[PDB]
Amino acid sequence: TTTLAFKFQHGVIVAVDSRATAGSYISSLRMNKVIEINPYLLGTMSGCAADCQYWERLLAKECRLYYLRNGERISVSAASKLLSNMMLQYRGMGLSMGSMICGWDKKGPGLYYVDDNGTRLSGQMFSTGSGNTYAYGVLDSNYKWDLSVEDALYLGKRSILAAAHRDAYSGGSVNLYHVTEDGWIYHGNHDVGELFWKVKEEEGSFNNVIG
Amino acid sequence: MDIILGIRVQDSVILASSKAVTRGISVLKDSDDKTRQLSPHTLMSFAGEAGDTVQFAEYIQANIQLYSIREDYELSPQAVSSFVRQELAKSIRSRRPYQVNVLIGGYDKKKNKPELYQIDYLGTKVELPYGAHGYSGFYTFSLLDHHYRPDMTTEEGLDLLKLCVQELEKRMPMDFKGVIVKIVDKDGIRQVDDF
Amino acid sequence: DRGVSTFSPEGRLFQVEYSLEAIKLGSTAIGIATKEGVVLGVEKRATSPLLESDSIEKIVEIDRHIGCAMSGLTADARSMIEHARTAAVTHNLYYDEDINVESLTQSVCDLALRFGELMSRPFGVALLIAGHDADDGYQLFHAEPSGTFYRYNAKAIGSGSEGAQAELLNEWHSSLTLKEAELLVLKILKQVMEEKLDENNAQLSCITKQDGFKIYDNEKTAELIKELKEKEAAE
Amino acid sequence: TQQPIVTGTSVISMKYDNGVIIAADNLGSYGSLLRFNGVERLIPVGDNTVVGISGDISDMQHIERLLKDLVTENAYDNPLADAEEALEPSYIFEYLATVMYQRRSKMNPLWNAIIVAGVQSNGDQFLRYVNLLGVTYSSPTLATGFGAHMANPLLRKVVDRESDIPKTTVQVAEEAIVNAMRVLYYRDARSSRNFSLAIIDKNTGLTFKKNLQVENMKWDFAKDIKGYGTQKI
Amino acid sequence: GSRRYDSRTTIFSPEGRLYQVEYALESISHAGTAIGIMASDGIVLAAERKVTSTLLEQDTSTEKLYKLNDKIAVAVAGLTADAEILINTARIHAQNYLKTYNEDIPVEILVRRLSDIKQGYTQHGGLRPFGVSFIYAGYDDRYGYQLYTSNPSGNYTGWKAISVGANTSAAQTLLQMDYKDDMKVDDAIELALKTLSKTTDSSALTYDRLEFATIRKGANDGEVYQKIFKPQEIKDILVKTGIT
Amino acid sequence: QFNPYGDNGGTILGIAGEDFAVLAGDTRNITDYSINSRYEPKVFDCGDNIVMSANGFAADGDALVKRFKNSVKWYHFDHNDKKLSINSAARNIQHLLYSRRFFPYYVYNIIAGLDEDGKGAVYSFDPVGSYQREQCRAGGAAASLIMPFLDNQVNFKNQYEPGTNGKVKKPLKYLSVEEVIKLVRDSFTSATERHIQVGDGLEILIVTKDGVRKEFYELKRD
Amino acid sequence: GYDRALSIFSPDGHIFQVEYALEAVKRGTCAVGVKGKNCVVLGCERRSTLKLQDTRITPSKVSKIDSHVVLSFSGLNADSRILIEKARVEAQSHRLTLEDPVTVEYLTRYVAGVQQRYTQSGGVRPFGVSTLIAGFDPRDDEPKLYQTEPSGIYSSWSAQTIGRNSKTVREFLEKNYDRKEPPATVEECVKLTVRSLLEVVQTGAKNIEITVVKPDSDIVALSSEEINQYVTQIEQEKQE
Amino acid sequence: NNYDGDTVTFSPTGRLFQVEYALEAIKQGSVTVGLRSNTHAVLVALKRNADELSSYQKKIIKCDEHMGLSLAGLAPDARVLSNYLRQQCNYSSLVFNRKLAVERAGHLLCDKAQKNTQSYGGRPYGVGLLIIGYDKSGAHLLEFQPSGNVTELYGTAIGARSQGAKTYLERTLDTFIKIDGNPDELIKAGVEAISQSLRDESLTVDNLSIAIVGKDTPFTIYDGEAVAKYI
C-alpha cells in the first residue's frame, strides 16, 4: 500500500490507494483503506487488513462511547492515544497496523501517526505503506501551508499516483478525502489507469513512459 | 530513538536528545522531543525500543505527579532516580521487559545542587557529571573527559555540548536530525530554542 | 436478619417490593408515544434555589435513536445507563446496525435481578426508555427493578404517577401529534408538581426518526409553556 | 503434541444397496515390529453402528471407552433406549467429530483416523470419516492410510457414484472388500493376514465376522523370477 | 445459614456512629495512660504499665513503647497483641519506602498508611477493628519533630502534646496548662512524668510501673538518636525530677 | 511435530447480479494427491436468504459455518425473529474470525445474498476477518485462474468499443442470471482443465427474493 | 470473601445505612463553597475542642486532587482519605489515557460513582462523607462547584454548605447570594464565605480555614492573619 | 413461620416454605393452557396488561424449532430457564446432531431448579412452565413446577383460575387426544379450555396468545390478528 495525509491552511487532505496483495497475487483491485469513525474523524489503513479493520472499528465504538458519556466529540489526540494503548496490550503478539488518525477538533486540524509498536506521533505530514517513499518525494517538494483546497487535493492524488506507478504493491485506484471544521468530505474514487494517462498528458510528467 | 546526552555543570543539568524517528527505511519525523518532565525540577530523557520508551516515560511521569499531589512535595532527583531504577530492575525479569534507557537530570532544591543519573534498561544506575546511552558515549566521552570541569557555567556546558554534537555529526553513520537541548536549574526546566 | 432474595408468603420478593416504594418517592417522569415521535418529560425538583438546575440530568441519551428518563434513586441509574450505552454501541459493532428498542430494554432488565449474597440489592430507580427502530416504529418502555418491562402508549412514574396515569388514560389517542404530546406532558407535569412549573424546574425531550433524540432548550420549553397557558385560558 | 507408538493400519469400507460394510486387520504394530496380533479395531455401538479406527492404539482404547460410556449415558432416564431414542450412527459420529476437533484445537490430538459405518432409523446408509485434525468427509467408499491409495480405486470400480449403490449387492460388496484386504496384505508392510469384517444391513441387522484370513493368494510366479536384471540362474 | 451469627462489625448506628469503633475506644480508655510531648529540640514518650507484679521481668519487657525505625517510635494504648500486628506492618512499610526511594520514610506517610489499614477494618471485611490507639513520635528533614495519634476509626491528627488511654481528659487539661511553645526536652520530660504522677490510678508512680523514651537531636551533630530508657535510668530521672 | 492445519483444496466463486446473487463451488475434497470425496457439499444455506462457503481447511470451514448458522439462530431469539441483513451477517462473521486472530480459521470465506434494497450482494473475508463488499470474487485453489477471466467478462476490463481505438470503454451493461451461470460453468470447466484439485462436480446456489435455489453440474473426474 | 448485604431496602423504601451515613456527615465539621465571577472559595470549620494541635502537620481539610481541582468534605475523616486517594489516582489515569486533565464535572462524577458503588456492593458500608469539589476546567475561566453525598447523587451549586449547622449557613447564603451578580472579586467572595461561617463557627481565630482557587491552576490557602483581617472588618461594620 | 426465612430450612412437618411461597407466585400469574394429540401439541395463554395504555405481557417463548414453553409467574425467571433450555437444545444439536428429547428437557429443568432449593444464599424459581414439543416419540406436553417436579401430561393448565380449564380437559380427554392431523380443531379445544378460567374479561385480539408444534409444523407463535380466527 500507499497512504498519505497532511495538514494545511484549509484542514487536512487524506489520500490512499486501493490495492490488496496476497504475495505477488493481486487479491483486490479496490479495497477501502479509509475508515469513517465519525463525521470529523478518519483513519487510514496499512499493514494487515484484518488488524486495521478490527482495531479501528473498535476505536470508533470507543470514540462513540466518549461522545455519549461526555456529550462532546473526542479530540484527535485522545482518539489516537486510545488506539496506541490497544496496540500496547498485544505488544509483540504479531499485529501489523500502520494508521493515520486525521480530524478536526477545538485545537484546529489534527493528524496523528499510530502503529503496531505503540508509536504515536503528531505531525503536519505522514505517509505509510510500501510506497510511502515515492509519495514523500512529491509531497516534500510541492507542499505548502498556503495551498488551496483544489491544489491540495491534487497533490495528495498526484502523490499516490507516483507510488502506484513505481511500487508493485500499490495501485488500483485513489480515494480522496478533505477534512474541514464542518466534517470530512469524500472526493471520489479515481482509477489509476485512467488517472495516469490523464496526468501524463496534462502535466507532461512520466515522459519516459510511452502512450 | 538512539541518541541522548547529559552533562551536569556548576548550577544546572543539560540534556540533549536527537529529533529523528525512523520507520523502516523512512524518517517519519525530525522534530521529536524524547523527554518528559517528571516534576518542576526533574527532567527525564529516554531512548530504546519503539513504543516502550514513551509508555515507560509517561508511566513514570504519572507516578511522580501522583506522589507530588499526595504529599504536596517534590521528590529529590535521587529519590526519583531510585524509583525509576527499581521499576526497570523489576521489569528486566518480567515476561516482557521494557527496553528503555534513561537519563534523569534534576536540580535538588534542598542541597542546591544539580544532579545527573544514568540508568539503562537492566536497572543499572550511576550518578555522573556527564553521561550517555548506546553508542553516543563512544564518540563524545573523549571530548568530555578532556574539557569537563565541575565549575563550568551553563554557557560553557552548551559550548562543550555543541562540540560533542559536531563530533557525532562527523563520525556517526546515522543522521539523527540534530538535538533538542533542555536546561534544568533552580528556576526549573527550559528549552534552548536555537541550537 | 433474613435473606435478600427471600420470597414473602404472597409470592413476592421483599426487596423488589421495597425498591418500588423508593421509586414512589422519586420525582415525576412522564412519557407519551405518538406516530410522529415519543416525548419524555421530567420534574427536576431542586432541593434549594442555589442549586444550578441545569446540572440536574434526569433525561439521558442512550443512543441517537433511544432516549431515557428516570425516577427514584437516580444515582443507581448511572450504571444502568452505562450498560445501556455499551449494549447499544456494542451491538452496532457486532451487527453494523441500530439495536431494537425492545432488545436494549431487555438488556437493561437482565441486570435487575442480579442481586444476592453480583450487587447486594435491587436498583432503586425506574426507567422510561423511549426510542425508534425500523421494525416496530416509535416505542415507549417502562423498565422496573423487578426485571419486568411493559410497553406503553403513555406512562408516568414517580410521586404523582397514579394521578398522572389517570389523566393520560383520558387524554391519549392514536392520532396525537408531537406538538399535542409536548403540551400534554407539560400539562400533566404542572398538575402533579408541588412548585409552579417553568422552564427551569421541568425539562422536555423527544425522539424522532429524522432528528433522533433531543433534549429541549429552556428557551424552547418556555415557549411551549406560554403556548399551554394561552390554550387553557382559551376556554 | 505427541507421536503415535502402537499403531493400527488401514480401515476400509463401502456402501451397498441395503447397508454398509467395513473391515480392518487385527494388527498392532510398534514401528516396524509387528508386535500385537490379536487387536480388534472394529468396535460395534449397539446393533446399528460400527466404528473402525486406525492410528494410535492407546487413543483407540480411549475412544472405545468413550463410546462404551456413551451407551451407558444414553440409557439413563430413557425408556426408549432400545427403540426410538437409541443411539444413531450420525449421533455417534458427530460426538467423535466434536471430540477430535476440540483435541486438535488444544494441540493435543487423538492420533487416529476413524470411519463410522452404520444404518439410520429410516434405513439410510451412513458412512463418514474423521481424523486427528477434525476433518470430516463422506463418500460411497472410504478408507484410511494405505487403503485410501489402494483400496478406494478398487472399491470405486464397484461404486463409482451415488447411483451405483442400489445396483450393488452385499455379495458383490463383500467380495470387493475381501479382495481389497488381500491387496493390502501384498503391498502394505504394516498389515496382517488376519482381519475382521462387519456388515450392517437394514434387514438382516449387524453381522460381525472375526478371525478372517486372506486366502487365494498368488505367489507361484515368484519361482521364475531370478536376479535383478542379467542373472539367469 | 451463617448470617444468623454475624455481628455486622462495619455498620452505622442510627446516629451515624460506628458501633465497634466506639466500643473499641471504650476498651482503650481502660488501658495504661501514654503521653507524648513535642519540644523544639526533641520529643518525649512516657507511658504507664498496667498493674504489674514484683515477679514480672521488667528489663526484658516491652508492652508500651516500640521502635518502628531509627527515626520513628510509637507508644501503645489498648490490646498489645493487636498493636504488634500493626507494628510489624509499619516496620515493613518503612523498609519498603527505604528500598524504593533510598530515603527514610517521612513520619506522616507512615502514619497515614497504618491509619488507612485501621480504616479498612471499619468499612469492609466484616472483622472486628484493632483495639489500639498509637502515639507516633518521629523525625524527618521536612517537618522536623512530629507527634501524631491514630485510633481504631483510622483517623489521625498532629499534636504538640497529647495523651491516650486512661484519664486522657484530666491529662490533656494538665498538659494544656503547663505546655509552652519554646519548651525544651528536659522540661518536657518533667511535664510528662508530673502529668502521669497526677493522673495515675496507682497509689504512687515508681520506676517499675513506667516505660520511657526520648527522640533527641542530642546526638553528635546533625542526626537523631532514639533512647528507650532502661529500668535504672527511669529510676534516676524520677529522682532527678523530684517524684520519688 | 503436530501440524493442526491441512489443505482440502476446492475452489469457490460468488457473483452479485442486479437483483440476484450466486455462490458456486466444486464438490471435490482432497488431501495431497488423494481424492477423499467427489461430492462433499461446500456451499451452505445458512437461513435468512444467506449462503456461505468457507474454503481451505475443511475442519475450520465446517466449524465456522456451524458457528454462523448458530449466530443466526441466536439473532432470532435475541431480537424478536428479526431478519439478519447481509451487511449485519458480514460484520458478525468478522468478529467470529478475529476471535482466533492468534490461532486462525484457515479458510477463505464468501457469503452471498440480497442487500436491504433488494440488490445482489457478495462479501469476501480473509482468514483473520478482513471483509469487503464485492461484485465478483473467486476464492481457493484456482482463484488466480478465474478472477482475471471475470475482470474481463463481467466488468469488461481492457475492453474498448471498436473504431474508437482505446478512447471509449465498453459500457458496463448488467448481466442476467442465465448469463452469469454460463460464466460460472465456463470458469470451473477451464479451472478443472488446468488445476488438479478442481473437478468431479459443480454446485451452484442462486439467491433471489423468491428464495434459495440449487443447480448441479458434472465436472471432469481425472 | 465477606459478601453480606449491609445496604438494603426497608419496608418504607429507605436504605437506612445510606441515611445513617448522612447522619455522620451532619456530625462532621462545617464546610462551605462559594463561587464568584472569576474564582471559587472553599471555607472549612475547625472545631476548637482540640488545642495543643500541631497545625503544620495535621491533615488539612481542603485537598488538591490535581493542580486545578480541589476537594473538601464533611463527615468521617478516615473515609475521606479513601475517596481522595481514588480521585487523585483517577486524575492521573485520565491525563495518561486521554492526554487532558479531568474536568471538574468528570472528577465529581467519578467520586460520586465510587460512593454509589458502596451502597449496592456486598460486604461494604457506605462512605460517611459528603464532598464539595471545586476548580476550573482546562483552558476555561468559568468557575465550577459540585457537591456529592453517600447515596452517590451529585449536582452543581452557585453556593453550598455541608456538615454540622449547614442548615443555618445555607439559610444565610440563600438570602445573601445573588445569582444575577455574584461576588465580582476575590475579596468579595472570601468576605461572603467568612461571613457565612461566622454564623456558626464560634470564635473567628483558628477555627476558619479559607482556600481560594482561581483559573489556570492558581490555588492558594489564606493564613491566620489574612483571615483575621476579614473577621475584624466584618464585625466593625456589624457594630451599626 | 420460623422456618420460612430461607430455602435451606425444613419445617417440623418436613415442608419447604420458600418453595411453597414460590409456588404461590404461579397462582397469582395469568392462566395458560397446554394440550396435545398424537400429531400436534398446543399452548394457549391469556396475556395480562398493566393498564389500557400498556401492552400485554408475552407468555410464550420459543426454545427450538421443535420445542417451546408458556410461562406463569415471575417472567424474568422464565427468561433464565428458557435461555437454559435454548442452550441445552442447542448443545444437543451441535455436539450430537440430535434434537433434544422433550422428556430429557424436563429432566434438565428439574435438576436446575432443584439446586436452588438445597443451597444457602439462592432462592427457588418463581415461575411455572408448560413445555410442548415434537420429537422422535411424537408429541409431548410437560408441566414444570419450581419445586423441581416435572410431569408429562396429555393436557393441563397453570395460573390463576386454572382449575376450571383443568377440569374441562379432564372431561374432554378422550376427544382432543384423537384430534390428529387437524391443527385448527386442536387449538379450538385449547381456546375452549382456557375459556373455562375466564371471569369478567373475555378473549380479545391482543389478549390471546397461541402456539403450536407438530409432525410437519415448526414451533410457531400466533399473536394479534393471527388469532382473530379463533376468537
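In order of appearance the chains are A, B, C, D, E, F, G and H, and numbering begins at 1 in each one.
Going forward, a residue touches a chain if its C-beta (ideal position, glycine included) is under 8 Å from a C-beta of that chain, and two chains touch if they have at least 3 such contacts.
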Target chain D, source chain C, minimum contact steps: 2
Chain B to chain C, fewest steps along touching chains: 2
Separation of mean Cα positions, chain B and chain A [Å, integer]: 34
Whole-Å gap separating chain D and chain H, where each centre is the average of the chain's CA atoms: 47
Chain E and chain F: spacing of chain centres that average the CA atoms, whole Å: 80
Distance from the mean Cα position of chain F to that of chain A, given in whole angstrom: 30
Chain F residues counted as touching two or more neighbouring chains: none
Shared-contact residues (touching 2 or more other chains) in chain C: 3, 93, 116-117
For the chain F and chain D complex, residues of the former touching the latter: 1-2, 4-6, 8, 29, 31, 34-40, 57-59, 62-63, 103
Chain G-touching residues of chain A, taken from the complex the two chains share: 70, 75, 77-78, 81-82, 85
Complex contact set, residues of chain F against chain A: 94, 97-98, 101-102, 126, 128-132, 144, 151
Residues of chain C defined as touching chain A within the complex: 61-63, 82, 85-86, 89-90, 92-93
Residues of chain H that touch chain C when the two form their complex: 4-6, 18, 21-28, 49-55, 57, 73-76, 79, 121-124, 126
